[PDB]
Structures are given as C-alpha cells and as structure tokens.
Amino acid sequence: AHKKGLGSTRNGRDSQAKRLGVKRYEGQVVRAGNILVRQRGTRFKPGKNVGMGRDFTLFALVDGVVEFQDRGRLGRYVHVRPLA
Amino acid sequence: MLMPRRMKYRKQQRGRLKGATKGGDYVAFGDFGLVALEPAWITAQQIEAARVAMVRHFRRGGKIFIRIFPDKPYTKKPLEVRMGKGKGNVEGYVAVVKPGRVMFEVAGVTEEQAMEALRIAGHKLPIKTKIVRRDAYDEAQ
Amino acid sequence: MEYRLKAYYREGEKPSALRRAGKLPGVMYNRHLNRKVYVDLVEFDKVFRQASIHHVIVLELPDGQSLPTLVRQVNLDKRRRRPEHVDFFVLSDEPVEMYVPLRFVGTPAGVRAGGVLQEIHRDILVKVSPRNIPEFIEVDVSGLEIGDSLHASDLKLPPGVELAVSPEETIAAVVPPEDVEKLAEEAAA
Amino acid sequence: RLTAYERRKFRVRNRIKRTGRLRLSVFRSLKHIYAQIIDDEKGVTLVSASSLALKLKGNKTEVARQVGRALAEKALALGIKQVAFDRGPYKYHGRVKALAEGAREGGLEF
RNA sequence: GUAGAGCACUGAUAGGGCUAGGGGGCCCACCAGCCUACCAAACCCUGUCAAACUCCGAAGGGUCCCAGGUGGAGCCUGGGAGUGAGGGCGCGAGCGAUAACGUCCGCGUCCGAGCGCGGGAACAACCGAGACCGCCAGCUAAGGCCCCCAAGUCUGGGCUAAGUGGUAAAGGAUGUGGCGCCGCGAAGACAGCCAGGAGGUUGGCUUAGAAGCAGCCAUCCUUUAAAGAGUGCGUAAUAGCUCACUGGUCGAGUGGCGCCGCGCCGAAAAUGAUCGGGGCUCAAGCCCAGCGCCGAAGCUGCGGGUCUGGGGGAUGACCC
RNA sequence: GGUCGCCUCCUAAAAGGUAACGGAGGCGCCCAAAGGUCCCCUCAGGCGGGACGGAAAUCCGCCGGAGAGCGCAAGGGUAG
RNA sequence: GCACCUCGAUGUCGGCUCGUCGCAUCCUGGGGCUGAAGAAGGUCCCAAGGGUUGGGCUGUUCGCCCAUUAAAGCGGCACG
RNA sequence: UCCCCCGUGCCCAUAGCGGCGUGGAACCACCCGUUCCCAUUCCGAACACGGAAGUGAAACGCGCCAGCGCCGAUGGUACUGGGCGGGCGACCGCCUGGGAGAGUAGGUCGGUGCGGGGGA
Ligand SMILES: [Mg+2]
Ligand SMILES: [Mg+2]
Ligand SMILES: [Mg+2]
Ligand SMILES: [Mg+2]
Ligand SMILES: [Mg+2]
Ligand SMILES: [Mg+2]
Ligand SMILES: [Mg+2]
Ligand SMILES: [Mg+2]
Ligand SMILES: [Mg+2]
Ligand SMILES: [Mg+2]
Ligand SMILES: [Mg+2]
Ligand SMILES: [Mg+2]
Ligand SMILES: [Mg+2]
Ligand SMILES: [Mg+2]
Ligand SMILES: [Mg+2]
Ligand SMILES: [Mg+2]
Ligand SMILES: [Mg+2]
Ligand SMILES: [Mg+2]
Ligand SMILES: [Mg+2]
Ligand SMILES: [Mg+2]
Ligand SMILES: [Mg+2]
Ligand SMILES: [Mg+2]
Ligand SMILES: [Mg+2]
Ligand SMILES: [Mg+2]
Ligand SMILES: [Mg+2]
Ligand SMILES: [Mg+2]
Ligand SMILES: [Mg+2]
Ligand SMILES: [Mg+2]
Ligand SMILES: [Mg+2]
Ligand SMILES: [Mg+2]
Ligand SMILES: [Mg+2]
Ligand SMILES: [Mg+2]
Ligand SMILES: [Mg+2]
Ligand SMILES: [Mg+2]
Ligand SMILES: [Mg+2]
Ligand SMILES: [Mg+2]
Ligand SMILES: [Mg+2]
Ligand SMILES: [Mg+2]
Ligand SMILES: [Mg+2]
Ligand SMILES: [Mg+2]
Ligand SMILES: [Mg+2]
Ligand SMILES: [Mg+2]
Ligand SMILES: [Mg+2]
Ligand SMILES: [Mg+2]
Ligand SMILES: [Mg+2]
Ligand SMILES: [Mg+2]
Ligand SMILES: [Mg+2]
Ligand SMILES: [Mg+2]
Ligand SMILES: [Mg+2]
Ligand SMILES: [Mg+2]
Ligand SMILES: [Mg+2]
Ligand SMILES: [Mg+2]
Ligand SMILES: [Mg+2]
Ligand SMILES: [Mg+2]
Ligand SMILES: [Mg+2]
Ligand SMILES: [Mg+2]
Ligand SMILES: [Mg+2]
Ligand SMILES: [Mg+2]
Ligand SMILES: [Mg+2]
Ligand SMILES: [Mg+2]
Ligand SMILES: [Mg+2]
Ligand SMILES: [Mg+2]
Ligand SMILES: [Mg+2]
Ligand SMILES: [Mg+2]
Ligand SMILES: [Mg+2]
Ligand SMILES: [Mg+2]
Ligand SMILES: [Mg+2]
Ligand SMILES: [Mg+2]
Ligand SMILES: [Mg+2]
Ligand SMILES: [Mg+2]
Ligand SMILES: [Mg+2]
Ligand SMILES: [Mg+2]
Ligand SMILES: [Mg+2]
C-alpha cells in the first residue's frame, strides 16, 4: 500500500566539528606553551609572547595573563604579559 | 506569474512569521492602498488574481503598483509518499507578508473606482485587509 | 497659513502610559536645544495632515516660549499605522533644509490622450531660510507626454529656495495605463 | 594606496620590530646620513648619532662610516649592545651598509 | 554574530530615470541619422527579499579573577550498580501540509519513579503541591462559594437577549451599547402628504406607424419664484403622465463614513440526549472594581518514630 | 532505490557541542618547484590611447583597499 | 500520512439473513424564484413518516444492459 | 616650556577623497651626472653612487574650506534574560530588567609620545 519511486538526496554529507575559536581569555593566567586560540587564519594576530602555528594556532610563549587588544584597521591582537 | 527569474538556491526553509512587517508599511507610489491585517504567505497564484481583478475593474486605464514579490520557494512532497526520502520538490512560489506591509497601490483612478477596485483584490486574498489612502504620515516616512 | 498646537513637557514618564493616555511623546531638538516633550495625538492628528513637513508649525510650551518647529521624522507604529513619536526641529535663522510641496499643474497631454502621470516626487528638498516656506512650488506639467518625464533640473524655484537634491533626480512622469487588451498576452505566456 | 617605498618599509621594518631587540632606525638623505636607536616597546629613542648634528662632510659613504663610530661609543656608554639594524627602504649596500660596519667598529653587536 | 535590523558585499527584486547591442519603422544604410507607449546590461533614484547575504548588532550565554554561598554541595582514590525503546508540555529550528496524540534536534520542566494528594466532570505528565506516623484542631494554594457540593443567591458600576455564554473561518446585517468625523438643517432639513413636473424635446434617429427609454454622436437651446437629444411604469407603437427637479405644508433635528464593546447569520452525521447535571436572563453569563469565606497529604498547632549534625554527657545508654 | 570514511558551508537558537532517507558542495590527489631563504615587486577591473589586434594577445595613460590572486570544494583569512 | 490499543490472534472481499441510524432528499408532502401561459421542467428552501421492483453478464462491490417504476437516493454502524 | 622642521612611534578614516593656497636660508625632495661600488625579464624609471647648478612645478609639509567618504547622539521603537495572561491556530497582549539597526539633530579636512636639527 506504501512507498513509490522515492527520491534519494544527493547530499546528507557533512564535515567534522573543528572545535575552533578562542580557548583562553583576557585576564586569565597561562603558562608557556598553552594554546590561547584555535582558528583558521589570523582573526587574531600574534602579539608579544604569542606565537603562531602552521595552521594559524596561537600559543603562549611565556607565563602570566593573556590580554586582548583591538587595533582597529590593523587587526585584533592577543599578547601574554609575563608574571610580576 | 511572479517567479524569480534567477535563483541562488533551490528549496528554501519555512521560517515562522513573528510580528509586523519590515518595511513598506507606508504608501509610496499610488494614491490609495491595500495592506495586511494578518500574516501569511501569498501565492503567485493569489497575487496575479488580485492584479487581474483590478486591471479588469478600470478596463482600459489606471496604473497598478504591487509592492510584494514571491521570492520564497513553496516546496511540497508529491502525492502519497511517506516521510523522509528528502525534501519536497518546489511546487509554488510565495511571498512573506506580515501585518502592515503594503501590497496594492493605484493611481489614475477615481475615488470609488479605487475602492471597489482594491476591494475585490482584497477578496482574492487569504487574509483580512484594510484599504488606506496616502497621507502626510507616509510623506514624512 | 501658519500652524500651531499645544506641547507640554516630559521628564520621561511612561511613554507606554502616556501614549495610551490620549497623547503622544516625542522630542523638541535642534543644534542648540534638546528637550523631551509630548503633544496631544488627536490635536496633532488634526494639525499634522495639512502641515506635515513642509509648513512650519509652532509649539506653545507650558513656559510659553513658542518656538518655530518643523518635523524631522515621525515614528509610525508599523502594525497599526498610528504615530508614536515626533522629532521636532526648532528653526534658527539658517538655510536648514526641508522638502516643499511640488505643484504639477495643468494636467499632462499624455493623460487625456492616453494614461496618467506618476507623482514620483510629491515634494522637493531645498536649502532656504525659515522665512521663505513656499506654500506651493508651481511647476508646469501639461507638456509632458506618454513615456516622458522631467528632472529636478526643471524647476521654478522662488528666490532663496535653490534646490538641495540633485539636478539628475526625477520628479514626475506619465506612464501607460493598464489595458485589459494587454491582459491577453500577459498570462498567455 | 601605498608606494613601493612605503610597503618595503613595513616589510623589513616589521621583520625586526617583532624581534624584541633595540631597533636602530636609519635614514638615507641625498645630502647626508643619520640613524637613531629606538626601543619601540615603549617608543623612546636611546641615542641618535647623525651627520647634521656631528656636522661632518667629505664623501657620503665615509661620513656614513663615521656616524656609526659615533653611535657605537655614544650608545655603549649607556650599556647598549642588543642591536637590530632597521635598514629602511634602502638596501644593505654602500651608504647605509658602511654605517653598520662602522657601528660594529665600536663594539656594537649586530 | 543570534532576534532584530540593513542592502555596504553575495543574489533576488517592483517601478521610474538613463542608457549598450538586440526589435523596428524614418533610411528603405552600399554606412550614417536611429524615434521609441518594444526587449532591456551596466548605471542612477524610489521600494524591497534572503538558513547557506553582512556596513551593523541586542537580550543573553560562555570563560577566568574577586566575594557571598556548609550544601544528601564540590573534589581525588577505590568497591558495587542500573541505564544506553523514553514520553508529554513550554519555547527555539529543521522535515511535514506555517497537517498528525507525527517526526528530528536544542533549552527547560514534569511523568517515568509522584497512576500518592487538590483543582481540572472524569483523565501519567495543565494549574496547585514534593505524602515519616497520628489528631472529630487551625491558615492557606490552585479552583471556587444557587442546589447536587464545602463556602456570597455578597457588594458597586457597565455591557449581552442569543441559552451567546455552553466550541469554528472567509465573508455578510439600519442587532444593541459606546465613541468619533463629515454633510443637509428655521439661507425652514430627512420622511410623507405634491398647483407644477414649460421650450426650434419639431429626438441627432426613414422602412409592417419609431412624434421621451435596442435606433449606436456638440449625450441640442428653455421662463430658470421650477428640469430631462429622458431615471421612468406607455419602454419599434395616441391614452395614461412617476421621479431626478421646484414650491408649499410640516416644525427639529436627519443622512453618511469610521472605530470600539458584547451579540446575529454564516453552521449538515450518523445507538439517546445534555453546559458534569439540575437549572440560570439587572445572572447562577461577560468585563471592571472591592470585601469576606470554602477549599490539599503544602504551612501551623499537639503527640510520637527515625536517621543526621549539635550540645548534654564535662560517658556508651539517656536527656534536650 | 539510496546511503556507509574524509573536508567545507548551512540547519546550530551570537561560547564549544547538537539530530533527521534536512539544504548545498568536494576528497581518495598534486608540487624538485608549487618547496627553504634572501632580495625585489603589486591585482581584478573600468575609461580614454594605439599597425596587424579583436568585447579579451601585447605596449601607454588616469582612476582601484581589494571585488584579483593564493594548484583543485567551500568558509575563514589575506597585498604592512 | 502517522505507527497509539490489539501479533500468548480483533477471520479478509462479495453474497444471504436481519436490520437500524444519518439527511447533504431519489419518491411522495409542503413551499420561494423562474428565462413559470397550461402541461411539463428547471434551481433553491422545508421535511427522514413510509416507500425505494424484477432479470441478463461478471466472484464482484461497482458498472453496462433488458423490462418496469411514484422512485428505482446516497451514507454510518470493525467499508454493520 | 613656544614655534617650524626631519626622522618616527601611537589612537584607529573625526585621521581619509577631492578642490583651494602657501613653504626652500634651514631640513626634505625633485634636480646634476655615470667615473666608481651597485643596478634594469628593456630603461640610472627604480635600486645604487659621486655630487649641489636649478627649484618648490611633482611629491611631502603646514594650513583653509564639508561636494564625497567618515564618524554621529537625545528621544521612540523592534527585539529580549526573567515573571504573567491571551487566542483553533498563524500568533497577540501586560510586568520587570536589558535595549538596538536604520534614520534625525549634529561632528569631521586629524590627535599625539620619544629623540634630533634649526627660531627666540
Ligand atoms: Mg493494502
Ligand atoms: Mg561545519
Ligand atoms: Mg531612556
Ligand atoms: Mg519609459
Ligand atoms: Mg522620448
Ligand atoms: Mg526594474
Ligand atoms: Mg530597474
Ligand atoms: Mg517594466
Ligand atoms: Mg538616449
Ligand atoms: Mg541570518
Ligand atoms: Mg553603530
Ligand atoms: Mg549594545
Ligand atoms: Mg558534607
Ligand atoms: Mg589516590
Ligand atoms: Mg589507593
Ligand atoms: Mg590510581
Ligand atoms: Mg543501543
Ligand atoms: Mg520504564
Ligand atoms: Mg503512573
Ligand atoms: Mg487512572
Ligand atoms: Mg490529579
Ligand atoms: Mg500526577
Ligand atoms: Mg444559599
Ligand atoms: Mg458605561
Ligand atoms: Mg453594513
Ligand atoms: Mg438668511
Ligand atoms: Mg430614445
Ligand atoms: Mg405624453
Ligand atoms: Mg443616520
Ligand atoms: Mg453547572
Ligand atoms: Mg450589577
Ligand atoms: Mg525526637
Ligand atoms: Mg566513650
Ligand atoms: Mg541496495
Ligand atoms: Mg572546552
Ligand atoms: Mg548518526
Ligand atoms: Mg564602466
Ligand atoms: Mg579600448
Ligand atoms: Mg589600435
Ligand atoms: Mg583600431
Ligand atoms: Mg585594447
Ligand atoms: Mg580556490
Ligand atoms: Mg559564512
Ligand atoms: Mg566572503
Ligand atoms: Mg447477488
Ligand atoms: Mg443493506
Ligand atoms: Mg435537517
Ligand atoms: Mg443541493
Ligand atoms: Mg415538490
Ligand atoms: Mg434484482
Ligand atoms: Mg439498481
Ligand atoms: Mg475504510
Ligand atoms: Mg476501504
Ligand atoms: Mg460505502
Ligand atoms: Mg616619518
Ligand atoms: Mg602651488
Ligand atoms: Mg636659489
Ligand atoms: Mg603650482
Ligand atoms: Mg597630499
Ligand atoms: Mg606646523
Ligand atoms: Mg603643528
Ligand atoms: Mg599651528
Ligand atoms: Mg592646528
Ligand atoms: Mg566653513
Ligand atoms: Mg560643516
Ligand atoms: Mg557647511
Ligand atoms: Mg547612524
Ligand atoms: Mg521564558
Ligand atoms: Mg503562553
Ligand atoms: Mg534605548
Ligand atoms: Mg521593554
Ligand atoms: Mg628648541
Ligand atoms: Mg641662538
């Protein structure tokens, strides 16, 4: 009594989750090595004591809080400011 | 019939119709007008039947302004199929009106010749409607 | 002629309550002043339809000082098409711009022998002093034919009122009318 | 829009301003040639040998040579050592070049 | 980067302006001039649409620091599980048909396991409320206070006349109430009762006779204290004559649009009916206000049991 | 019948995450230069300009912040 | 369409028997309008009380046909 | 300490597009040359170098305007965390806290820190 010439979708595919975005926040203690932001292309720019990996990952180079800075047309930056 | 002459995407989602319109709640071309009192989708089928209605009212003469366009794909699953196995094929095209949005305007037409006109065109519509004339509130807008 | 209506003050009561209470909030404001107010709706309604945004109205405050006003944007309640706020521009002696009612007069030679015009631009933007507030802007139109038009570089303009839009902007045009003979080849497509 | 000059500045400048080291900003004029020493982290200049201040003359590249020898002594008095040579839009050849190897004559490390 | 919102980009888009080539006469170009109620690129102004558009952008939500927070909190290490069919409702989306007691996710709740208790007629998940035991004690909650049924035939103001209330939409109507706005009113209004309802109105109109109503078009000019190459019953055709029209008479109001409250029509189903029933009409209905009181296993009162922390005990027991 | 792993985007409710036989697309390779560095440089496009020569070969001019390009899908990024 | 009771069982189509109920009425009863002269007929309203034939063909319901009729009504009742 | 200048940092176009001006003793630039170092898929255009005759035309500098771009309120509204009522529904209303986008009034032809080289 039922089904007839049922159209098959050409899609229904999908990507994995990349779990990207910002991982550490301003005024958050970090140590050297930590990852501060995962991204795909500097939405965030490598500040002082902040390095950038082969996929545009942004990791701390020394300890003490992260800190976000917004230099308008130049770019968004994040640096780490060492201990005390 | 009022179909989009080129299309970025095929089928398109439903989306609910919360609230008042986004624009065109004030007349801007014609002297009088027709407006939504209640939200719906309007078929190209409907729209064209309202146009043709008025056009036949002042046979030979008058100019009709119509301020909504069927840009949404009204999809629909074929007859007697079960759920799934994809989305319906696109059966029609509809336009999203919310309350306040102006649909039909006229110019070069008498008073009642645009009352009776925009009356009947109201009747070829799935919704309660008000007719309102151009006003300063529209000029200030 | 000139226009006038009451205009009591507000320190910001409930715009909700106030609007319900038979009246209407809004603000009086210019380069020098800036003041919360509220007029009566029904009296405003009475006043605005004829005055609008091209005739200068004046506002009698409770503290007297009747300042020359001109409206800068009315707020229409989209669902109900009823006002809910008025931006009230007090005029100093300046070329402070505003739109003035265009007067297409002598009905086009396109019309009576064809269709009908289209008032693309009921009024026109123009720099001029508070003094010169033209009640009309008589501009001929009886020469414009079917499928023709004119632009803002085609205006009378009384003295001092020299236009603040553009000479390329269009003003009015006569269009072909909706023949039912057209209807045949329309939906037969 | 930017100039070949303007781009080339930043291009090599930024390569260096992000090294942390004291940047020795040069300037090549057709007249004579000078250069200061900037701790960009703040923004202050550390010291500033020149050819208008030292008011010397006698061949551009030999007075380019000298000004660095000024820089060397006059900076090494303030315990300066970490040197990063901002070579500006100009290259590393002849004029600005000699200033460097002259700045090296004193003890400056770079 | 969401709701909103905006076209600044990606695309849609209605009109108009302006303008390529197409289309098309003018030319008939062998080619130029093209003119445009034609099609219409970019382009402009008005006006818009978009999950996969973004010049913008909330409420919020994350996350760290700092502070409150002693909670059948949180954390580390181990022993033991069960679970891995969920469902409904609210809200936010997709799919579906802006269908389903449908389906698929997100947040929350409740059922599950609270089919224990009060409302809801009855009824897992709607409202109220988390049942240790006892009481012929008391305050309440939702909901209620004519009678079945505990407690108001309470109180004041207003609407409704259909049993609407007690099941419905487009659309329709001098319903009844209540606001506007406009128009005609003793420059005698509406309504009827009426001297009148004149002319080269000698109808432009030829055919069994078309002197006012199929006869196709200045829809012809008259005394204007009063009018139609005919609204008219005679209607291709003598009688007879209605009114649009005017004058009296009448002597105060009347016609029109719009909005708001509550009704009316729209409204046809299968075993016997019904709002839970009887029954209710200045309510026993609807709104607005106010005050009592009834009402649960919630809260309180009194007696007890129990586990936990606490003190006693400067001791298990025992006591608060 | 279709599907089965991977990546992009949307659904996804402005953190991460989130389903459906939801809506749209790609991958199973490629590059000893397409790589490392150092130096250097700057698009698409549009208008005018010019033998062949063009809507678009190449040369000249003025306007261009990024709509080009970045091997190939899409998003982010990106000429400092 | 959904997958809610029923798979430790709720026997399917059609016929026969018996019906009974709905009214959106085939017949007869009663009305309005008619492009109703009359007769006849049309469409709409009211009205469910009763009535609503016999055969050919085919498993059929349906349907076609034959001969009649005032009419040869549909539908619900686990398509009783 | 005040001013002009050069080399530079910083806010992030209120800075910018454009037009109008003025600045050469200083400093900067064009300008002089190809000998030398160096240099062009061709060219001293550029990079380089030796210079100081010309100049302020270009660029740059200080400035002026508001045509463009830019920034841009107050008021109100959309929306909404939370708390309620409302409709068959599509959906609508009230409370409390938060509260835009457009648009309006208006602002804008920059603002500065470090050193150096001139002026008093
Ligand atoms: Mg079957
Ligand atoms: Mg993804
Ligand atoms: Mg405020
Ligand atoms: Mg045209
Ligand atoms: Mg023309
Ligand atoms: Mg268009
Ligand atoms: Mg267009
Ligand atoms: Mg068109
Ligand atoms: Mg043209
Ligand atoms: Mg969006
Ligand atoms: Mg903003
Ligand atoms: Mg904000
Ligand atoms: Mg504890
Ligand atoms: Mg351990
Ligand atoms: Mg252990
Ligand atoms: Mg262990
Ligand atoms: Mg499993
Ligand atoms: Mg269970
Ligand atoms: Mg249970
Ligand atoms: Mg039960
Ligand atoms: Mg219960
Ligand atoms: Mg329960
Ligand atoms: Mg009693
Ligand atoms: Mg009352
Ligand atoms: Mg009516
Ligand atoms: Mg009088
Ligand atoms: Mg006649
Ligand atoms: Mg007669
Ligand atoms: Mg009346
Ligand atoms: Mg009862
Ligand atoms: Mg009463
Ligand atoms: Mg005890
Ligand atoms: Mg003891
Ligand atoms: Mg298979
Ligand atoms: Mg995490
Ligand atoms: Mg799965
Ligand atoms: Mg162009
Ligand atoms: Mg060309
Ligand atoms: Mg050529
Ligand atoms: Mg040529
Ligand atoms: Mg060319
Ligand atoms: Mg690519
Ligand atoms: Mg995106
Ligand atoms: Mg993009
Ligand atoms: Mg049989
Ligand atoms: Mg039977
Ligand atoms: Mg009946
Ligand atoms: Mg019937
Ligand atoms: Mg009968
Ligand atoms: Mg038989
Ligand atoms: Mg039979
Ligand atoms: Mg069945
Ligand atoms: Mg069946
Ligand atoms: Mg049947
Ligand atoms: Mg500089
Ligand atoms: Mg000059
Ligand atoms: Mg000189
Ligand atoms: Mg000059
Ligand atoms: Mg300049
Ligand atoms: Mg200065
Ligand atoms: Mg200065
Ligand atoms: Mg100054
Ligand atoms: Mg200044
Ligand atoms: Mg000025
Ligand atoms: Mg200005
Ligand atoms: Mg100005
Ligand atoms: Mg703004
Ligand atoms: Mg909520
Ligand atoms: Mg609700
Ligand atoms: Mg606000
Ligand atoms: Mg609010
Ligand atoms: Mg000084
Ligand atoms: Mg001195």
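Because the Cβ atoms are built from the backbone with ideal geometry, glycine has one as well, and the counts that use them run over all protein chains shown. Coordinate-derived values only; no laboratory data.
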| What ranking do A:8-14, A:21-27 get when scored by the average of other Cβ atoms within 10 Å per residue, highest first? | A:21-27, A:8-14
| message | If I take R0 = 22 Å and measure r between the Cβ atoms of B:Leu79 and A:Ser8 in this structure, what FRET efficiency does the formula 1/(1 + (r/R0)^6) give, to the nearest 0.05? | response | 0.70
| note | Looks like the protein assembly as shown, by Cα gyration tensor root eigenvalues a ≥ b ≥ c and the a/c under 1.5 rounded cutoff (else prolate when a/b is bigger than b/c, oblate otherwise), is prolate
| field | Per-residue mean of C-beta atoms belonging to partner chains within 10 Å, peptide C:174-181 | value | 6
| field | Loop-located GluC sites (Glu not before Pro) in the stretch C:142-189 whose Cβ has at most 14 other Cβ within 10 Å (DSSP) | value | C:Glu145, C:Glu168, C:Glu169
| request: Assuming a ≥ b ≥ c are the square roots of the Cα gyration tensor eigenvalues, decide whether the stretch A:19-84 counts as rounded (a/c under 1.5), prolate (otherwise, with a/b larger than b/c) or oblate. | output: oblate
| said: Placing +1 on the Cβ of each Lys and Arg and -1 on the Cβ of each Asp and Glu in the stretch D:56-110, which of D:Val83, D:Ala103, D:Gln66 has its Cα farthest towards the positive end of the resulting dipole? | reply: D:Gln66
| query | In whole Å, how far is the Cα centre of the stretch A:30-48 from that of the stretch C:87-118? | reply | 60 Å
| Normalized C-alpha radius of gyration of chain D, against 2.2 N^0.38 Å? | 1.01
| At most 12 other Cβ within 10 Å, DSSP loop - trypsin sites (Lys or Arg not before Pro), the stretch C:130-189 | C:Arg131
| query | Once the dipole of the stretch D:14-54 is set up with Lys and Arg at +1 and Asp and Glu at -1 on Cβ about the Cα centre, which of D:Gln36, D:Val26, D:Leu46 lies farthest towards its positive end? | reply | D:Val26
| query | Taking the Cα centre of the stretch A:19-84 as the origin, how large is its charge dipole in debye, to the nearest 20, when only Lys and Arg (+1) and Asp and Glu (-1) carry charge on their Cβ atoms? | reply | 280 debye
| task | Specify the inter-centroid distance of the stretch D:1-58 and the stretch C:1-63, based on alpha-carbon positions, in whole Å. | result | 63 Å
| request: Kindly state, to the nearest 0.05, the FRET efficiency for B:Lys130 paired with D:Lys42, given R0 = 56 Å and r defined as their beta-carbon distance. | output: 0.25
| message | Placing unit charges on C-beta atoms (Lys and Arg positive, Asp and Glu negative, everything else neutral), compute the dipole magnitude of chain D about its Cα centre in debye, rounded to 20. | response | 600 debye
| For chain B, what is the charge dipole size about the Cα centre, in debye to the nearest 20, if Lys and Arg each add +1 at the Cβ and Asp and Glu each add -1 at the Cβ? | 1100 debye
| task | Work from the charge dipole of the stretch A:19-84 (Cβ charges, +1 for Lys and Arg, -1 for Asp and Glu, about the Cα centre) and give the residue of A:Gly21, A:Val80, A:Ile35 farthest towards its positive end. | result | A:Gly21
| query | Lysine pairs in chain A 8 or more apart or on different chains: how many have alpha carbons under 28 angstrom apart? | reply | 4
| field | Rounded, prolate or oblate (a/c below 1.5 giving rounded, otherwise prolate when a/b exceeds b/c) for the stretch C:73-123 by Cα gyration tensor | value | oblate
| Amide proton proximity set for C:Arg103, modelled H, under 5 Å, gap of 5+ | C:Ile137, C:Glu138, C:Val139
| Reference-scaled alpha-carbon Rg (2.2 N^0.38 Å with N residues) for chain C | 1.29
| field | Residue-averaged 222 nm ellipticity for chain B, from DSSP H runs of 4+ at -39500 (n - 2.57), nearest 500 | value | -5000 deg cm²/dmol
| request: Find out how many positive minus negative residues lie around C:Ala187, taking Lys and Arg as positive, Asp and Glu as negative, among other residues whose Cβ is under 11 Å from that of C:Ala187. | output: -1
| Considering only the other residues whose Cβ falls under 10 Å of the Cβ of A:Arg38, what net charge follows from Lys and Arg at +1 and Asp and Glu at -1? | +3
